[PDB]
Amino acid sequence: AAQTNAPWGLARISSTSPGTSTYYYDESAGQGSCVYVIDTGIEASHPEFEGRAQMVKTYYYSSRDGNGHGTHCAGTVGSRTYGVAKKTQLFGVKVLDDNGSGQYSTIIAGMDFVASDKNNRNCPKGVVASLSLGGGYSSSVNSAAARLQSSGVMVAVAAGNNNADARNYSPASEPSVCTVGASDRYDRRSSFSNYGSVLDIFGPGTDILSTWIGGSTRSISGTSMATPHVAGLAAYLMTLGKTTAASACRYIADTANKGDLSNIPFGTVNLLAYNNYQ
Ligand SMILES: [Ca+2]
């Protein structure tokens, strides 16, 4: 399958070179896999989700995404026009308020909820969690992300938008999840993207077009935008039987586009998410 005039992020993860415009992917498109979007929630009614999105948990007064961030990230995972895995199931876990911020205790509760809720879903191809969040280092947030990962969920987390080393940020610094940095369209590291040895992979994170609240779209930047690309890629590859939840992060790093990024500090992986389609 080919999506013409795709968002540059989609086209980038199906190409060994920048500048292309078509997203090439396998027809399965993540069918049979689930992606928990742990964020501000998902406007599940957005026409771009085609009924493949629903809220399963909220930690606030409403399950409605009053921010747009979680809907944007869910869209990059598996919306029809802006998603990597266009047939995946999307589950919204609202751990962030409508101002985009959430206490650490709530983020931990949301990750433990996903680790349990997956046992009563139908995801025969596997479960992915996309965590477009992050704050200062916390051993308990790292432990929650590690618990979710070891429970059989591929966990992708943002590296953070501080232009610093991701070792000082959670859940970015948890070694056993998949920490995602942000690159731009010209294959540079995004100016804001965190780096460091804990990073596993880079994804398109600058000027990412995806869904938004009110049935609209908008482009935003951040490692929070690169994470759903990788989460969608992991759900996409798990549907093709190429990898499991426990191994998806390494597989995506094994099959990445190596050495293609610029402004990668020494000690940080120079790997760009790539689906190796045909
Ligand atoms: Ca890792």
# chains A, B, ... in the order shown; residues from 1 in each chain; ligands from 1
$ residues_around --residues "residue 265 in chain A" --least-positions-apart "6" --cutoff "10 Å" --atoms "only C-alpha atoms" --output "list in words"
residues 165, 189, 195, 196 and 197 of chain A
$ closest_atom_pairs --of "chain A" --to "ligand 1" --cutoff "9 Å" --atoms "only C-alpha atoms and all ligand atoms" --output "CSV"
residue,atom,partner,partner_atom_place_in_ligand_line,distance
A:172,CA,ligand 1,1 (Ca),9.0
A:173,CA,ligand 1,1 (Ca),8.4
A:174,CA,ligand 1,1 (Ca),7.0
A:175,CA,ligand 1,1 (Ca),4.4
A:176,CA,ligand 1,1 (Ca),4.5
A:177,CA,ligand 1,1 (Ca),4.6
A:178,CA,ligand 1,1 (Ca),4.6
A:179,CA,ligand 1,1 (Ca),6.0
A:198,CA,ligand 1,1 (Ca),6.2
A:199,CA,ligand 1,1 (Ca),6.6
A:200,CA,ligand 1,1 (Ca),5.4
A:201,CA,ligand 1,1 (Ca),8.8
A:249,CA,ligand 1,1 (Ca),7.0
A:250,CA,ligand 1,1 (Ca),8.0
$ write_last_selection --atoms "N, CA, C and O atoms" --output "short mmCIF file (atom, residue, chain, number, x, y, z; two decimals), in the first residue's frame"
data_model
loop_
_atom_site.label_atom_id
_atom_site.label_comp_id
_atom_site.auth_asym_id
_atom_site.auth_seq_id
_atom_site.Cartn_x
_atom_site.Cartn_y
_atom_site.Cartn_z
N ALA A 172 11.78 8.83 30.41
CA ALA A 172 12.75 8.76 29.32
C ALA A 172 13.99 7.96 29.71
O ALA A 172 14.55 7.23 28.88
N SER A 173 14.42 8.07 30.96
CA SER A 173 15.68 7.46 31.39
C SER A 173 15.54 6.01 31.83
O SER A 173 16.54 5.40 32.22
N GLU A 174 14.34 5.43 31.77
CA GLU A 174 14.18 4.02 32.11
C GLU A 174 14.80 3.16 31.01
O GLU A 174 14.35 3.23 29.86
N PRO A 175 15.82 2.36 31.32
CA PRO A 175 16.54 1.66 30.24
C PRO A 175 15.71 0.66 29.46
O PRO A 175 15.98 0.44 28.27
N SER A 176 14.70 0.03 30.07
CA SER A 176 14.05 -1.10 29.43
C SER A 176 12.88 -0.72 28.53
O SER A 176 12.30 -1.60 27.90
N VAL A 177 12.53 0.57 28.44
CA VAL A 177 11.53 1.00 27.48
C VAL A 177 12.24 1.50 26.23
O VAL A 177 13.47 1.38 26.12
N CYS A 178 11.49 2.04 25.28
CA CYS A 178 12.04 2.54 24.02
C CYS A 178 11.95 4.07 24.04
O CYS A 178 10.88 4.64 23.78
N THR A 179 13.06 4.72 24.36
CA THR A 179 13.11 6.17 24.44
C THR A 179 13.32 6.76 23.05
O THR A 179 14.24 6.35 22.34
N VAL A 198 20.71 6.74 26.76
CA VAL A 198 19.47 6.03 27.02
C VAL A 198 18.56 6.00 25.80
O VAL A 198 17.70 5.12 25.69
N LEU A 199 18.74 6.93 24.86
CA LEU A 199 17.93 6.93 23.65
C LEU A 199 18.16 5.67 22.85
O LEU A 199 19.29 5.18 22.73
N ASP A 200 17.09 5.13 22.29
CA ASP A 200 17.14 3.91 21.49
C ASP A 200 16.96 4.16 20.00
O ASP A 200 17.45 3.37 19.19
N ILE A 201 16.27 5.24 19.64
CA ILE A 201 15.83 5.45 18.26
C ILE A 201 15.38 6.89 18.13
O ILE A 201 15.06 7.54 19.13
N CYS A 249 11.56 -2.93 20.42
CA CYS A 249 12.46 -1.79 20.49
C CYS A 249 13.81 -2.12 19.86
O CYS A 249 14.36 -1.32 19.10
N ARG A 250 14.36 -3.30 20.17
CA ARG A 250 15.63 -3.69 19.55
C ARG A 250 15.46 -3.91 18.06
O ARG A 250 16.31 -3.49 17.27
#
$ closest_residue --among "A:42, A:59, A:91, A:27" --to "residue 106 in chain A" --atoms "only C-alpha atoms"
A:59
$ select_by_dssp --residues "range 113-224 of chain A" --states "alpha helix (DSSP H)" --output "mmCIF file with C-alpha atoms, in the first residue's frame"
data_model
loop_
_atom_site.group_PDB
_atom_site.id
_atom_site.type_symbol
_atom_site.label_atom_id
_atom_site.label_comp_id
_atom_site.auth_asym_id
_atom_site.auth_seq_id
_atom_site.Cartn_x
_atom_site.Cartn_y
_atom_site.Cartn_z
ATOM 1 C CA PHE A 113 -3.909 0.419 34.500
ATOM 2 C CA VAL A 114 -2.651 -0.338 30.984
ATOM 3 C CA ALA A 115 -0.665 -3.338 32.239
ATOM 4 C CA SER A 116 -3.911 -4.731 33.665
ATOM 5 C CA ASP A 117 -6.522 -3.507 31.163
ATOM 6 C CA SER A 139 12.743 6.279 40.042
ATOM 7 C CA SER A 140 9.051 5.472 40.559
ATOM 8 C CA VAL A 141 8.013 6.711 37.113
ATOM 9 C CA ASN A 142 10.903 4.708 35.652
ATOM 10 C CA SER A 143 9.717 1.678 37.632
ATOM 11 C CA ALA A 144 6.158 2.056 36.347
ATOM 12 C CA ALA A 145 7.337 2.237 32.732
ATOM 13 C CA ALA A 146 9.565 -0.792 33.341
ATOM 14 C CA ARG A 147 6.643 -2.677 34.906
ATOM 15 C CA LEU A 148 4.456 -1.900 31.896
ATOM 16 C CA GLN A 149 7.234 -3.038 29.553
ATOM 17 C CA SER A 150 7.880 -6.306 31.404
ATOM 18 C CA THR A 223 9.667 14.257 20.992
ATOM 19 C CA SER A 224 6.037 13.705 21.987
#
$ atom_distance --atom1 "CA of residue 169 in chain A" --atom2 "CA of residue 210 in chain A"
25.7 Å
$ residues_around --residues "range 96-100 of chain A" --least-positions-apart "3" --cutoff "8 Å" --atoms "only C-alpha atoms" --output "list in words"
residues 39, 40, 41, 59, 60, 65, 66, 67, 69, 103 and 107 of chain A
$ write_last_selection --atoms "N, CA, C and O atoms" --output "CSV table (one decimal), in the first residue's frame"
chain,number,residue,atom,x,y,z
A,39,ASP,N,-2.0,9.9,27.6
A,39,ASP,CA,-1.8,11.4,27.3
A,39,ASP,C,-2.9,12.2,27.9
A,39,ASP,O,-3.4,11.9,29.0
A,40,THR,N,-3.4,13.2,27.1
A,40,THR,CA,-4.5,14.0,27.5
A,40,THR,C,-5.9,13.4,27.1
A,40,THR,O,-6.9,14.0,27.4
A,41,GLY,N,-5.9,12.2,26.5
A,41,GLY,CA,-7.1,11.6,26.0
A,41,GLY,C,-7.2,11.7,24.5
A,41,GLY,O,-6.3,12.2,23.8
A,59,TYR,N,-8.3,10.1,34.5
A,59,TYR,CA,-8.0,10.4,35.9
A,59,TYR,C,-8.4,11.8,36.3
A,59,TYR,O,-7.9,12.4,37.2
A,60,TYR,N,-9.4,12.3,35.5
A,60,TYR,CA,-9.9,13.7,35.7
A,60,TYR,C,-11.4,13.7,35.6
A,60,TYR,O,-12.0,12.6,35.5
A,65,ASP,N,-10.6,14.7,25.6
A,65,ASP,CA,-9.3,15.4,25.4
A,65,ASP,C,-9.7,16.9,25.1
A,65,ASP,O,-10.0,17.3,24.0
A,66,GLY,N,-9.5,17.7,26.2
A,66,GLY,CA,-9.7,19.2,26.1
A,66,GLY,C,-8.4,19.9,25.7
A,66,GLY,O,-8.4,21.1,25.7
A,67,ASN,N,-7.4,19.2,25.4
A,67,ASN,CA,-6.1,19.8,25.1
A,67,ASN,C,-5.7,19.6,23.6
A,67,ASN,O,-5.2,20.6,23.0
A,69,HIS,N,-3.4,17.4,22.5
A,69,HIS,CA,-2.1,16.7,22.5
A,69,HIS,C,-2.3,15.2,22.3
A,69,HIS,O,-1.7,14.6,21.4
A,103,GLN,N,0.3,14.9,37.6
A,103,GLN,CA,1.2,14.5,38.7
A,103,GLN,C,1.8,13.1,38.4
A,103,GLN,O,1.2,12.3,37.7
A,107,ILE,N,0.4,9.5,36.6
A,107,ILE,CA,1.1,8.8,35.4
A,107,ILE,C,1.4,7.4,35.8
A,107,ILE,O,1.3,6.5,35.0
$ select_by_dssp --residues "range 13-112 of chain A" --states "strand (DSSP E)" --output "PDB file with N, CA, C and O atoms, in the first residue's frame"
ATOM      1  N   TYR A  23       4.089   7.522   1.686  1.00  0.00           N
ATOM      2  CA  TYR A  23       4.236   6.556   2.770  1.00  0.00           C
ATOM      3  C   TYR A  23       3.921   5.171   2.220  1.00  0.00           C
ATOM      4  O   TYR A  23       2.780   4.891   1.840  1.00  0.00           O
ATOM      5  N   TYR A  24       4.930   4.307   2.166  1.00  0.00           N
ATOM      6  CA  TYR A  24       4.761   2.929   1.726  1.00  0.00           C
ATOM      7  C   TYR A  24       4.641   2.031   2.949  1.00  0.00           C
ATOM      8  O   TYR A  24       5.500   2.071   3.836  1.00  0.00           O
ATOM      9  N   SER A  33      -3.461  -5.252  16.447  1.00  0.00           N
ATOM     10  CA  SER A  33      -2.663  -4.732  17.544  1.00  0.00           C
ATOM     11  C   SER A  33      -3.380  -3.559  18.195  1.00  0.00           C
ATOM     12  O   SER A  33      -4.225  -2.895  17.585  1.00  0.00           O
ATOM     13  N   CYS A  34      -3.038  -3.316  19.453  1.00  0.00           N
ATOM     14  CA  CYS A  34      -3.611  -2.229  20.227  1.00  0.00           C
ATOM     15  C   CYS A  34      -2.503  -1.279  20.645  1.00  0.00           C
ATOM     16  O   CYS A  34      -1.391  -1.711  20.965  1.00  0.00           O
ATOM     17  N   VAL A  35      -2.807   0.013  20.641  1.00  0.00           N
ATOM     18  CA  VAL A  35      -1.878   1.029  21.109  1.00  0.00           C
ATOM     19  C   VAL A  35      -2.598   1.859  22.157  1.00  0.00           C
ATOM     20  O   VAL A  35      -3.564   2.565  21.843  1.00  0.00           O
ATOM     21  N   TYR A  36      -2.147   1.761  23.402  1.00  0.00           N
ATOM     22  CA  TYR A  36      -2.623   2.648  24.450  1.00  0.00           C
ATOM     23  C   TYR A  36      -1.920   3.989  24.306  1.00  0.00           C
ATOM     24  O   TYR A  36      -0.685   4.054  24.339  1.00  0.00           O
ATOM     25  N   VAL A  37      -2.695   5.050  24.114  1.00  0.00           N
ATOM     26  CA  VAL A  37      -2.167   6.407  24.082  1.00  0.00           C
ATOM     27  C   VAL A  37      -2.387   6.996  25.467  1.00  0.00           C
ATOM     28  O   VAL A  37      -3.518   7.317  25.850  1.00  0.00           O
ATOM     29  N   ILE A  38      -1.305   7.122  26.225  1.00  0.00           N
ATOM     30  CA  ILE A  38      -1.344   7.598  27.601  1.00  0.00           C
ATOM     31  C   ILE A  38      -0.979   9.076  27.562  1.00  0.00           C
ATOM     32  O   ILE A  38       0.201   9.438  27.533  1.00  0.00           O
ATOM     33  N   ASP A  39      -1.995   9.938  27.567  1.00  0.00           N
ATOM     34  CA  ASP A  39      -1.795  11.357  27.304  1.00  0.00           C
ATOM     35  C   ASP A  39      -2.948  12.192  27.859  1.00  0.00           C
ATOM     36  O   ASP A  39      -3.424  11.941  28.970  1.00  0.00           O
ATOM     37  N   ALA A  53     -10.899   4.159  17.802  1.00  0.00           N
ATOM     38  CA  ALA A  53     -10.374   4.804  18.994  1.00  0.00           C
ATOM     39  C   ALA A  53     -11.468   4.884  20.043  1.00  0.00           C
ATOM     40  O   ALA A  53     -12.637   5.116  19.718  1.00  0.00           O
ATOM     41  N   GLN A  54     -11.086   4.682  21.299  1.00  0.00           N
ATOM     42  CA  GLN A  54     -12.027   4.821  22.395  1.00  0.00           C
ATOM     43  C   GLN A  54     -11.256   5.148  23.660  1.00  0.00           C
ATOM     44  O   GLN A  54     -10.100   4.751  23.821  1.00  0.00           O
ATOM     45  N   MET A  55     -11.903   5.895  24.547  1.00  0.00           N
ATOM     46  CA  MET A  55     -11.341   6.160  25.861  1.00  0.00           C
ATOM     47  C   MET A  55     -11.642   4.986  26.781  1.00  0.00           C
ATOM     48  O   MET A  55     -12.777   4.505  26.838  1.00  0.00           O
ATOM     49  N   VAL A  56     -10.618   4.514  27.487  1.00  0.00           N
ATOM     50  CA  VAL A  56     -10.775   3.398  28.411  1.00  0.00           C
ATOM     51  C   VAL A  56     -10.557   3.801  29.853  1.00  0.00           C
ATOM     52  O   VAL A  56     -10.938   3.038  30.757  1.00  0.00           O
ATOM     53  N   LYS A  57      -9.977   4.971  30.107  1.00  0.00           N
ATOM     54  CA  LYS A  57      -9.684   5.396  31.466  1.00  0.00           C
ATOM     55  C   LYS A  57      -9.373   6.881  31.457  1.00  0.00           C
ATOM     56  O   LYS A  57      -8.744   7.381  30.523  1.00  0.00           O
ATOM     57  N   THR A  58      -9.819   7.575  32.496  1.00  0.00           N
ATOM     58  CA  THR A  58      -9.437   8.958  32.719  1.00  0.00           C
ATOM     59  C   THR A  58      -9.195   9.158  34.205  1.00  0.00           C
ATOM     60  O   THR A  58      -9.793   8.481  35.046  1.00  0.00           O
ATOM     61  N   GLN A  89      -5.930  -0.587  16.792  1.00  0.00           N
ATOM     62  CA  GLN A  89      -6.912  -0.164  17.780  1.00  0.00           C
ATOM     63  C   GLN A  89      -6.260   0.822  18.738  1.00  0.00           C
ATOM     64  O   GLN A  89      -5.140   0.596  19.203  1.00  0.00           O
ATOM     65  N   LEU A  90      -6.956   1.914  19.023  1.00  0.00           N
ATOM     66  CA  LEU A  90      -6.431   2.975  19.868  1.00  0.00           C
ATOM     67  C   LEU A  90      -7.222   3.042  21.164  1.00  0.00           C
ATOM     68  O   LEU A  90      -8.453   3.130  21.142  1.00  0.00           O
ATOM     69  N   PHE A  91      -6.511   2.998  22.286  1.00  0.00           N
ATOM     70  CA  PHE A  91      -7.110   3.116  23.607  1.00  0.00           C
ATOM     71  C   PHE A  91      -6.532   4.348  24.283  1.00  0.00           C
ATOM     72  O   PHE A  91      -5.312   4.459  24.439  1.00  0.00           O
ATOM     73  N   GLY A  92      -7.405   5.271  24.682  1.00  0.00           N
ATOM     74  CA  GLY A  92      -6.973   6.488  25.339  1.00  0.00           C
ATOM     75  C   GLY A  92      -6.967   6.339  26.845  1.00  0.00           C
ATOM     76  O   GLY A  92      -7.975   5.957  27.447  1.00  0.00           O
ATOM     77  N   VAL A  93      -5.821   6.632  27.450  1.00  0.00           N
ATOM     78  CA  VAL A  93      -5.677   6.701  28.898  1.00  0.00           C
ATOM     79  C   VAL A  93      -5.299   8.136  29.225  1.00  0.00           C
ATOM     80  O   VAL A  93      -4.172   8.566  28.949  1.00  0.00           O
ATOM     81  N   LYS A  94      -6.234   8.881  29.802  1.00  0.00           N
ATOM     82  CA  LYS A  94      -6.034  10.303  30.071  1.00  0.00           C
ATOM     83  C   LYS A  94      -5.358  10.451  31.429  1.00  0.00           C
ATOM     84  O   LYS A  94      -6.021  10.440  32.470  1.00  0.00           O
TER      85      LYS A  94
END
$ residues_around --residues "residue 237 in chain A" --least-positions-apart "5" --cutoff "8 Å" --atoms "only C-alpha atoms" --output "JSON, numbers by chain"
{"A": [30, 242, 243, 248, 275]}
$ write_last_selection --atoms "C-alpha atoms" --output "compact mmCIF listing (two decimals), in the first residue's frame"
# COMPACT_ATOMS: atom_id res chain seq x y z
CA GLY A 30 -1.34 -2.79 12.33
CA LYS A 242 8.38 -9.49 12.53
CA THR A 243 8.81 -8.79 16.26
CA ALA A 248 10.17 -4.55 19.23
CA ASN A 275 9.75 0.05 8.35
$ closest_residue --among "A:234, A:73, A:128, A:269" --to "residue 217 in chain A" --atoms "only C-alpha atoms"
A:73
